[PDB]
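Okay, so here's the structure we're looking at.
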2 protein chains.
Amino acid sequence: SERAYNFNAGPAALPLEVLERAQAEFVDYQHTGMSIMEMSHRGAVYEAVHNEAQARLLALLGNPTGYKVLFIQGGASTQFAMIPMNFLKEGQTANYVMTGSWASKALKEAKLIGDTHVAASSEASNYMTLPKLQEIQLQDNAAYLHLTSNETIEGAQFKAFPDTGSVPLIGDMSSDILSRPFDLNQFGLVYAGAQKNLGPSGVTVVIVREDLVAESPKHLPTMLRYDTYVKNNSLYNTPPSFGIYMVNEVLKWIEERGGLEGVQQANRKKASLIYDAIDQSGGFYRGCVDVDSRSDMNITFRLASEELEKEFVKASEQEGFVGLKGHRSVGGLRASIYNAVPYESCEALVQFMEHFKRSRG
Amino acid sequence: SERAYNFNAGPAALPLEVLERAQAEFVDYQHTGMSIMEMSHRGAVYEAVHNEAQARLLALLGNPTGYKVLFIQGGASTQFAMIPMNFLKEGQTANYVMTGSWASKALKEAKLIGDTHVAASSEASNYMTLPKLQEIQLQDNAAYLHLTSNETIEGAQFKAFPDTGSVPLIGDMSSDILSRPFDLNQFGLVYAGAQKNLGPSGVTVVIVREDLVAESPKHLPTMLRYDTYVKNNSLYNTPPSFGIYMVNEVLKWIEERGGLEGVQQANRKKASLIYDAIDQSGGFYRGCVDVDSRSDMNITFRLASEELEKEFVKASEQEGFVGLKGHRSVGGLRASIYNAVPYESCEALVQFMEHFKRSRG
Ligand SMILES: *Cc1c(COP(=O)(O)O)cnc(C)c1O
Ligand SMILES: *Cc1c(COP(=O)(O)O)cnc(C)c1O
């Protein structure tokens, strides 16, 4: 107890041990006589954690070469504008894969900057079925192909990504980054707000292939050019010091879990338990996406009626559950089971779901 | 001991009691079963601290009306571009008061957006003498007048601000905000990176007069429009949750210190002690600014030679002092004595300075 069953979608759950280690040295970090947040960002102590965070990330990815890890403020949302601002040139078109609410918000910002094109869309099936890699139509003058790896709101997640050739593949991985191993070489730029699966909100991780950002558009404000972060190791202005420190702590933890392949099989156990609960409910619980498009990060499901779903939420909160209330725009229920969400919280959810069913039947 | 004499210029010193209170509830906040950083930004618990922070700030300012407190990411640097992007229209000119390095960086971004004009400059005296309010020449087509209240690097600070009439006065208060009371009604927009005098880095506080940002330029990306923050209470996308929580803790503390008028007389004691040390040194220590332009936040001084200054830094570090190394571009030494820097750290600095002088004479 005193540790709620947290299924929040973002901000979300952080490992208990990383919170404790952070609490232990919160006031006095490594007997330096000060907190990590009272130290200069150009000092030897912070720069060490700053650079180690970047090194641990790539190592977890299998040590790809030719990529830079940048730490930028503004959330994944600011990246919605920064991406077309840096890569969308005149004569070209920003190609987007439409799979849900976040893909839709990414495209909206792009139009403010230049010409856009919908490469594939799953809107015809209400975003219940992800577009197949074959259905993705790329243009000859495409600046890049942007996709949302995991649709946090609708509960859909790509199992594989397409080969875009010379055209840079860009992916919003806010809700599933570092939850499963993938080939970074397929991407030109990968981004993620840290608050979903890496811990603290206030920092956005951007892994960019060096040759794409060597030279940024001169007309852009200094803070919106990628080369400002590259040439300055994300230290041009004061960085989100504490957040980066916490990101490094979560990375150490992922390694303790057996790296990406370890957290993957663990997250795969948590997901199959909850989906099993849904599939063996004889219709009481209904999945919001086609089985093949199912996400292991965000599980969306519904009940027979709107009132029944209202009863579910209330009952779950009275029993310690937090965040099951499905997103306003979609409705229903959503169990967000990121890396740090324990298998026990899922076990508890499956029992609650079984009891609730029987008390309503 | 185990608490170094921290004179860092930013990130900087935070009150020991605020660090301890924050450490106490770091893992379990108010017996909710989770940390403040694992909770939803739309939930009742975070929204309460989020809004209370805004209420405490205005209250400390004497409760001015018609102003909104916004929490934006990107640091004071992003505001360098966001300001002309939102207020510099065609036909108008962005007027700047040039007083040092930060005023100079603010102006540089502005030119990328539109027409600019130097309203007054202290460059002729090497930024040692602030321009007098009378010397400030405003244009008829001025969009606003921007000034840097405290020049963190050179050590100059305005004692009073000008009456700009219909023209909005905008001020960068990163290094002196909430260190002394002022009439907010004189300004249209005031901004400050929090890491200098309000605590944690990762959040920028913007206090804007409501009538100036009711409607932002439609062409701008969503995250760079002020009305996105106003209409959404800075909750359009995930905010710097933990940082805002820490900002609220520092505000409670400032109140315990007797509000703005209390921290002012305290900061005034710390400054006169150090300046006294400089003025009664018979030339060994030399102030970098004219007495009337002296800052109570950042004290810049020099020694007879470059080698002597190198010896000062080394000796001070071996004795527990952090951050006295003057900024690279200016050289010399800088004692940053923000709100949270104890009178004792200043007492210790004055003794060190006296001993060092005698060991070199
Ligand atoms: C959380 C999320 C975002 C928005 O992140 P913010 O930091 O709130 O801007 C964007 N895209 C996806 C896929 C997300 O999950
Ligand atoms: C610290 C400071 C800045 C820059 O703040 P960042 O958060 O590093 O962008 C700008 N102006 C002044 C006056 C400052 O003191």
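As shown in the structure tokens, the chain order sets the letters A, B, ...; within each chain, residues go from 1, and ligands are also counted from 1 in the order they appear.
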key: Who sits within 9 Å of residue 12 in chain A, only C-alpha atoms, same chain under 6 positions skipped, as a PyMOL selection string   = (chain A and resi 6+195-197+199-200+336+338+340-341) or (chain B and resi 37-40)
task = Could you give me, as a PyMOL selection string, the residues within 9 Å of residue 213 in chain B, counting only C-alpha atoms and dropping anything in the same chain fewer than 4 positions from it?
result = chain B and resi 86-87+208-209+225-227+230
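Restricting the calculation to only C-alpha atoms and all ligand atoms, the smallest distance between ligand 2 and any of B:1, B:101, B:54, B:32 is found for B:101.
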task = Throw together the list of residues within 10 Å of ligand 1, counting only C-alpha atoms and all ligand atoms, and drop it here as a VMD selection string.
result = (chain A and resid 9 to 11 73 to 80 100 to 106 147 to 153 171 to 177 191 to 197 201 to 204 298) or (chain B and resid 41 223 235 to 240)
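Taking CA of residue 42 in chain B and CA of residue 83 in chain A as endpoints, the distance between them is 27.1 Å.
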request  = Using DSSP on the backbone coordinates, identify the residues of range 80-257 of chain A assigned to helix (DSSP H, G or I); present them as JSON, numbers by chain.
outcome  = {"A": [80, 81, 82, 83, 84, 85, 86, 87, 101, 102, 103, 104, 105, 106, 107, 108, 109, 110, 111, 112, 113, 123, 124, 125, 184, 185, 186, 194, 195, 196, 197, 210, 211, 212, 222, 223, 224, 226, 227, 228, 229, 230, 231, 232, 241, 242, 243, 244, 245, 246, 247, 248, 249, 250, 251, 252, 253, 254, 255, 256]}
task = Select, from B:288, B:324, B:189, B:178, the residue with the minimum atom-to-atom distance to chain A, counting only C-alpha atoms.
result = B:324
message = DSSP on the backbone, strand (DSSP E) only: what residues of range 61-262 of chain B does that give? Format it as a PyMOL selection string.
response = chain B and resi 67-72+93-98+116-121+142-148+150-151+156-157+169-172+189-193+204-209
